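Dropping the structure in here first, questions after.
Naming follows writing order (A, B, C and D), and every chain is counted from residue 1.
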Amino acid sequence: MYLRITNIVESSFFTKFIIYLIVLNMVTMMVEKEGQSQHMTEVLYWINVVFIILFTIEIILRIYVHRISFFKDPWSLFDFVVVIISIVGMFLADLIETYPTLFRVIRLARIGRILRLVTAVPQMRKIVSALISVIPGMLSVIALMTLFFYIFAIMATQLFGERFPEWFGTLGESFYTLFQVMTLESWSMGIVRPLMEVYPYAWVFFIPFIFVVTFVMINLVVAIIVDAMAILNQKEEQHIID
Amino acid sequence: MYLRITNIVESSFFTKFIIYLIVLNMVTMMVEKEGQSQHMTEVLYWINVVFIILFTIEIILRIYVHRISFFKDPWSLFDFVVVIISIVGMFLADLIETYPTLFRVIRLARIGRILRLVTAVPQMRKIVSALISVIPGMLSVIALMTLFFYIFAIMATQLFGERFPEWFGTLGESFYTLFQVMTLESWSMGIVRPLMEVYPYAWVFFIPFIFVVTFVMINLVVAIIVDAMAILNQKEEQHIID
Amino acid sequence: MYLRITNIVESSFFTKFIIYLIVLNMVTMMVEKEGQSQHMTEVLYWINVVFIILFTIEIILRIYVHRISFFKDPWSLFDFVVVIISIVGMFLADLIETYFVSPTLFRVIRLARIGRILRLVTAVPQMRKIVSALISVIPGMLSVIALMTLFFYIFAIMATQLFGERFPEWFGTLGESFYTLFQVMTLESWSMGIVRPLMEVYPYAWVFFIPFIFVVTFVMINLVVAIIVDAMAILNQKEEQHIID
Amino acid sequence: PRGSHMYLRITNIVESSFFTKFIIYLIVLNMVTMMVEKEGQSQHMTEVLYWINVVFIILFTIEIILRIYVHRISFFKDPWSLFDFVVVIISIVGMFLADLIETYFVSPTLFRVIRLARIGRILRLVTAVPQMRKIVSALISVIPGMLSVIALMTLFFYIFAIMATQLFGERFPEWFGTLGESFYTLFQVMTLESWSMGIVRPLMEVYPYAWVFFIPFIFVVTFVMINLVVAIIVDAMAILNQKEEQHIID
């Protein structure tokens, strides 16, 4: 009896069917506009509840097989946190709408159901993991970039923030404009040149910020290149020996 | 008329002369403007018909020398699709002109004869396939980047698709702005800063979107290097034997 | 004598405690608002006074325990130059605040407070490592940086000549032309903002800016390739050493 | 008699440290005068600056005539020495040709173009000072390999440029009117400067499926570009793997 239910759960079909189910939930979410139709909203929402119930049947079948060993594997554990959030959230969203800004934000909880398309599917799972593994080597370079931003963010508010509060009022505004100056999005035409009307020697803060930022950025990417080449030459080196 | 032609087609004269015919068909396609002059349109359209005729003459000679073995080659197969699409397009466009916006959309079939420059030039052939061989390795990273775009796209409509339909109303409408924000083109001054007039904490969607997409970007570029470094080191590894 | 002090200053706890103060002084420098109110501005000013005192006390112990070693160490003198800057600044900014003179002189002079905070790139370890491993790169690309500046001159001497007459706001001065050519280099509004309105007056302006972008991008790409090949030289020239045995 | 004493004494002056370091000084000194010309600026300041430059023009002519008698046809075989002479003949022609257009006040627009000859004098700074000529030659040695990717990139621009003019040429002649116009706008779109907020979005009011031409263009160009930058790395790693190779042979 149970060996047939476990045969079906720990199956080549079952995985492919759950992948398919998530893919179709994504399609029922992809067909959402601003229009929309008071009817369409009632239509789409129910097809999602058709999914939420099937995805709770999905984890109930999968918790039946693993009993308490389900909590051990974080994959099984993630699928459970996604399922509880879909449920806790769909009822929270229905509740809010019945009695504003919160409704559209709270309605986000549905993303976990389709986010499982990086998790539940292998090949993708592999690329997500192999990419995440880069971050710790960068964590030092990342930390200095954050640390450098604080010095400049304290300076910007101090220096310009009086006449330019729209960009450098609080350290919050200051951090944002600097990141934008860093991404080089309208740094001059939009931010530095109008600053040079009030303060002609404003570039003395931004031109070096651009240089310092770009330098740290260049070294970060180069470190990933060289870290990939360090492990590549390591296997190449021992092969040569004999 | 099969004994002498078999050797003239597989000659330096025939391949160089046919490459010359393409260059001359590019120049005639270039000397087109918005102007234009109806006489200039009639003259240029006729110069093209001569080349469309000449390139048909070319493929007939190429078919009846290689007999059926012509169709084995995917390159000769392409050069054949080029002439049929050119001939079909020639009359398809003319039928519409004689009997407005569809006429422009159809007329780009003329590019087929000009696209042959990469495939026909035996060196341009090489640089193209050297770039093609890169893509299989990238396919993993792309698929993940595509899916991340979908999640961020479904979110953008749900969050800001209502009040800002010009950039986020539809899924595809949202997909476009996310690509514009990815290329970092006017992401802050033109999109995120005006979005924060309505939604003050909108930056907590776009800055985390920037990082997610840029990290994946860096890694793809880094991957193209490592993939090509396995080429330098492998021809060096076999050389280090003697 | 003084061995109990020699154990406090230059230890593990004391080393860590100074980081804690540097970090706590950053958080009070993070309370900078657009407002700000006569109360809050003076409140913040006084909190910093306390920190400046603590940091002067901090360098007093440091130079006493390592009497001759202070001058030999470069990082030990940085924390000293910062102390003498923080002290000079404190009263120099106060002098301009008391004697009501240009907020422009005050806002610029108050920028000495930053020294107390940029100590985090020094004082806390691994941060000193990263910043030093980054600074070590700067010479192994200094010729490319030098070539770039020279390339910028030649191009700025040209831009002021050609476009400077009808476009003074962007190219009227060599200082104006050094700015615009830098903006064009970062590709920010290069065409729409500068090269396109220039073509309204001088339609063959692109013949200068398209090659400028090219000449200036090639030098840039190679500067980054130089950082890679020099990093991959330390790896490659040690790889050979092991292979030899 | 010999007779050859002076032509072996003058080579000790021309092929020395002082001369070389002094000629590098003269170019730097000629740069600062060219640097101080701006917005406008009286005919006094303009004549003052013009005369300082004439002095500099003859100063480099004596320098090349010194090298002319010493190295002779051995200077001709050197490209850096040949170019130095080309600069001199340009800084002289230019000096007169610009003055001619100033005397007979016909074409004030052609004047600023011809007057650009003066840049040859300070253009020589990268080739004169060593280590700068080193890197210049090192960068110049990167472009030959790179050449085939560039040739492909150019071709991709020709096919995309004949396409842009064909489609959005009638309603938007401002950007894609002529073939040459399309080349510029597609380069702007490639460099990503206001590609959407400025060009692809307004184009979508008229032709709403216009992005189907630009998104692939932005992909294709960026794909060829990345591979070009990656090629520079592989062109550079050809040096490292070969020097290491012979060392391991023994």
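Structure notes:
The criterion applied here is as follows: a contact is a pair of C-beta atoms (placed from the backbone, for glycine too) under 8 Å apart; a residue touches a chain by one contact, two chains touch by 3 or more.
Subunit B is reached from subunit A by a rotation of 90°, derived from superposing Cα atoms (nearest 5). Distance from the subunit B centre to the subunit D centre is 32 Å, each centre being the mean of its Cα atoms. One inter-chain figure worth recording: subunit A and subunit D are separated by 45 Å, centre to centre, where each centre is the mean of the chain's CA atoms.
Chain contacts: subunit B has residues 184-186, 221, 225, 229, 233, 240 touching two or more partner chains.
Because contacts link each chain to exactly two others and close back on themselves, their graph is best described as a ring. Inter-chain contacts occur between A-B, A-C, B-D, C-D.
Of all residues in subunit A, those touching subunit B in their complex are 26, 29-34, 104-105, 107-108, 111, 114-115, 117-118, 123-124, 126-128, 131, 134, 176, 179-180, 183-186, 190, 221, 224-225, 228-229, 232-233, 236, 239-240.
Within the complex formed with subunit A, the residues of subunit B that make contact are 140-141, 143-144, 147-148, 150-151, 154-155, 157-159, 161-162, 165, 168-171, 184-189, 203, 207, 210, 215-216, 218-219, 221-222, 225-226, 229-230, 233, 237, 240.
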